[PDB]
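Structural overview for review
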Amino acid sequence: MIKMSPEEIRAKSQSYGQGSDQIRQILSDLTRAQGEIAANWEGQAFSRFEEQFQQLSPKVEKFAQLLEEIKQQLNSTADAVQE
Amino acid sequence: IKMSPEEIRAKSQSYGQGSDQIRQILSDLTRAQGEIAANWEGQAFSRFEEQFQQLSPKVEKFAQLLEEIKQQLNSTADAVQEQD
Ligand SMILES: C[As](C)(=O)[O-]
Ligand SMILES: [Zn+2]
Ligand SMILES: [Zn+2]
Ligand SMILES: [Zn+2]
Ligand SMILES: [Zn+2]
Ligand SMILES: [Zn+2]
């Protein structure tokens, strides 16, 4: 099926899992920062950036979730290849 | 803005660092996707490739947005610091 060694598959899996975790943490931190900025900057100057952040955030979340699913699949596949 | 220039710049740094980290993850994982896809015959990985490709441009746009916010914040901090 897959022509890659278990050892390399597991290294890839760590990259996907670590990427997922880091993207979730960045989105959490910057979501907090957006809130603090938006609340302390009255009026409209930052509004275009807020609108784009809100539109893109759910996609970034979706991407982190995908990465976690790829991690799980690669773990499974490494097991099967090795066994 | 009701925030000190120093705090505005601390936040700016976080947006920049986040952007850099996301672009690094995206570059690394795009290379992984290609290698895994190339070495997996049949349809098993196809759905993950499809979903990755659908979302990656939006993640790239998000990284770009964070750099734009970083520079907007820097410029705003400069203006606050100049306002007597
Ligand atoms: C190199 As940077 C942390 O200013 O985007
Ligand atoms: Zn390799
Ligand atoms: Zn994790
Ligand atoms: Zn604060
Ligand atoms: Zn006012
Ligand atoms: Zn940067």
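Per the PDB record, the structure was determined using X-ray crystallography to 1.40 Å resolution.

Considerations on the environment of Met 3 of chain B
Within the secondary structure, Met 3 of chain B sits in the segment before α1 (5-38). Judged by its relative accessible area of 9%, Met 3 of chain B falls in the buried class. Placed 77 residues apart in sequence, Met 3 of chain B and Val 80 of chain B show a C-alpha to C-alpha distance of 8.9 Å. Aside from chain neighbours lying at most four places away, what touches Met 3 of chain B is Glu 36, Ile 37 and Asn 40 of chain A together with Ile 8, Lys 11 and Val 80 of chain B.

A short note on the environment of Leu 29 of chain B
The topology assignment puts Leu 29 of chain B in helix α1. The residues touching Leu 29 of chain B, leaving out its near neighbours within four places in the chain, are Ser 15, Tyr 16 and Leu 67 of chain A together with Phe 52 of chain B.

Regarding helix α2 (residues 46-82) of chain B
Helix length check: α2 of chain B, at 37 residues, gives a terminal C-alpha distance of 55 Å against a target of 54 Å (1.5 Å per residue), a fit within 8%. Within α2 of chain B, the axis deviates most sharply at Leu 55 of chain B, by approximately 30 degrees, and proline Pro 57 of chain B lies no more than four positions further along.

Observations concerning the pattern of salt bridges
Taken as a whole and judged by the stated rule, the model has 14 salt bridges over all chains. A salt bridge links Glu 8 of chain A to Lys 12 of chain A, with the shortest nitrogen-to-oxygen separation between them at 3.0 Å. Taken as a pair, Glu 8 of chain A and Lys 12 of chain A lie in helix α1 (residues 6-40) at a separation of 4 residues, close to a single helical turn. Its salt-bridge partner being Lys 70 of chain B, residue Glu 67 of chain B comes within 2.9 Å of it at the nearest N-O pair. Here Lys 70 of chain B and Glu 67 of chain B lie together in helix α2, a separation of 3 residues that amounts to about one turn.

Observations regarding the coordination of the zinc ion (ligand 2)
Tetrahedral coordination by four donors puts the ideal angle at the metal at 109.5 degrees, and octahedral coordination by six puts it at 90 or 180 degrees. The protein atoms that coordinate the zinc ion (ligand 2) are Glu 8 of chain A (OE) and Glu 35 of chain B (OE), at distances spanning 1.9 to 2.0 Å. One end of the pair, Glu 8 of chain A, is in helix α1; the other, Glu 35 of chain B, is in helix α1, on a second chain. With a relative accessible area of 29%, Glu 8 of chain A lands in the partly exposed category.

A short note on the interface of chain B and chain A
The partner chain A presents 37 residues to the 37 residues of chain B that form the contact. Contributions of two or more residues to the side of chain B that touches chain A are made by α1 and α2 of chain B. Residue contributions to the side of chain B that touches chain A peak at 16 residues, all from α2 of chain B. Of the residues contributing to the side of chain B that touches chain A, the split by class is 20 nonpolar, 8 polar and 9 charged.

Observations regarding the site of ligand 1
All names here are of chain B. Lining the immediate surroundings of ligand 1 are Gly 16, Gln 17, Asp 20, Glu 67 and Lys 70. Between ligand 1 and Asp 20, the relevant distance is 3.4 Å, taken from an oxygen atom to a side-chain nitrogen or oxygen of the residue. At 3.2 Å from an oxygen atom of ligand 1 is found a side-chain nitrogen or oxygen belonging to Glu 67. No other element matches the 3 residues that α1 contributes to the shell around ligand 1. Residues of the shell around ligand 1, tallied by class, amount to no nonpolar, 2 polar and 3 charged.

About the criteria used
- Residues numbered from 1 in each chain as written, not as in the entry; some residues may be left out.
- Chains lettered and ligands numbered in written order.
- Heavy atoms only, no water.
- Residues with missing side-chain atoms left out of burial classes, pairs and counts.
- Helix = DSSP H or I, 4+ residues; strand = E, 2+ residues; numbered from the N terminus.
- Buried < 20%, exposed > 50% of the residue type's maximum accessible area, 1.4 Å probe, protein only.
- Contact = heavy atoms within 4.5 Å.
- Expected span 1.5 Å × (residues − 1).
- Bend = angle between axes of the 7 residues up to and from the residue.
- Salt bridge = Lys/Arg side-chain N within 4 Å of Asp/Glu carboxyl O.
- Donors = N, O, S within 2.8 Å, 3.2 Å for Na, K, Ca; no water.
- Nonpolar A, V, L, I, M, F, W, Y, C, P; charged D, E, K, R; others polar.
- Near = heavy atom within 4 Å.
- Polar contact = N/O pair within 3.5 Å; in protein donor to acceptor, adjacent residues only side chain to side chain.

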